[PDB]
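A short worksheet on the structure shown next.
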Amino acid sequence: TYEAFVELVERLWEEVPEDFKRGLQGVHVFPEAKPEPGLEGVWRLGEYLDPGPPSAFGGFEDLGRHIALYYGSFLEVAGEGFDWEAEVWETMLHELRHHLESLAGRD
C-alpha cells in the first residue's frame, strides 16, 4: 500500500547518516508514476529536485533541495519477488549522490 511505502522510505531514510543530508530539505513521496520521457517501457523511480542557477530576479534556493520518489513507477516495474527495501534503498541513495555532486558544484 502507499502508506506502507511511505513508512518504508522514512525508515530507510533515517538510517542515512545525518551529515550526508546537509543542504537537503528531505524526501518527497508521490503516488503517481513517472515515465522516462521519449524512451518508453522505462519508469523513473525517483529523482533529485535541483533549484538550479539563479534567475536575473533571484536565486531559487528558497525552494530547497529534494529527492522525489514515485510510488506509481515502483508498482509498474514491480513483479514477483520485487525487493521493496532493496529498490527504495538504491533509489534514495542514488539521488542523495546527485545532491552531494550538486553541492560540490556550487562550492
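No value in this document is a laboratory result; all are computed from the given coordinates. Methodologically, a virtual Cβ is constructed for each residue, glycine included, from the backbone with ideal geometry; neighbour enumeration extends over all protein chains shown.
Things worth noting here:
- Choice from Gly64, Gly41, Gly26 showing the highest fluctuation, given a GNM over the chain with Cα pairs closer than 10 Å: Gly41
- Loop-located GluC sites (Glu not before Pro) in region 35-81 (DSSP state not H, G, I, E or B) with no more than 14 neighbouring Cβ atoms inside 10 Å: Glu40, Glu80.
- Folded to 0 to 90 degrees: helix 84-104 orientation relative to the chain principal axis, Cα: 10
- Rounded to 10°, Cα long-axis angle of helix 2-15 versus longest principal axis of the chain: 50
- Only helices enter this figure: runs of n ≥ 4 DSSP H residues, each worth -39500 (n - 2.57), summed and divided by the residues of the chain, yield -12500 deg cm²/dmol at 222 nm to the nearest 500.
- Alpha-carbon Rg with Dmax, taken over the chain, Å: 14.9, 50
- Sequence of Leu49, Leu24 once ranked by neighbouring C-beta atoms within 10 Å, starting from the fewest: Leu49, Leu24
- Here the calculated FRET efficiency for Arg106 and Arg44, from their Cβ-Cβ distance with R0 = 25 Å, stands at 0.55, rounded to the nearest 0.05.
- From least to most packed, judged by other beta carbons within 10 angstrom and beginning with the fewest, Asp107, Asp50 follow the order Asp107, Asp50.
- Under 5 Å, built H, 5+ apart or other chain: amide partners of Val27: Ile67
- Of the residues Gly105, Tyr48, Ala33, the one whose Cα sits farthest towards the positive end of the charge dipole of the chain is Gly105 (charges of +1 on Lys and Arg Cβ, -1 on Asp and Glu Cβ, taken about the Cα centre).
- Residues in region 55-72 carry Karplus couplings, in order, of 9, 5, 9, x, x, 10, 4, 4, 6, x, 10, 9, 10, 10, 10, 10, 4, x Hz; the curve used is 6.51 cos²θ - 1.76 cosθ + 1.60 with θ = phi - 60°, and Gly or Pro positions show x.
- Of all beta bridges that DSSP places with both ends in the chain, some 55 percent have antiparallel geometry.
- Karplus-based coupling profile of region 28-36, in residue order and whole Hz: 9, 10, 10, x, 6, 9, 9, x, 7, with θ = phi - 60° in 6.51 cos²θ - 1.76 cosθ + 1.60 and x standing for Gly or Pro.
- Here the Karplus curve 6.51 cos²θ - 1.76 cosθ + 1.60, taken at θ = phi - 60°, turns the phi angles of region 41-48 into couplings of x, 10, 10, 8, 6, x, 6, 9 Hz, with x standing for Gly and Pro.
- Candidates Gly59, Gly46, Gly81, ranked by Gaussian network fluctuation over the chain, Cα under 10 Å, top entry: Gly81
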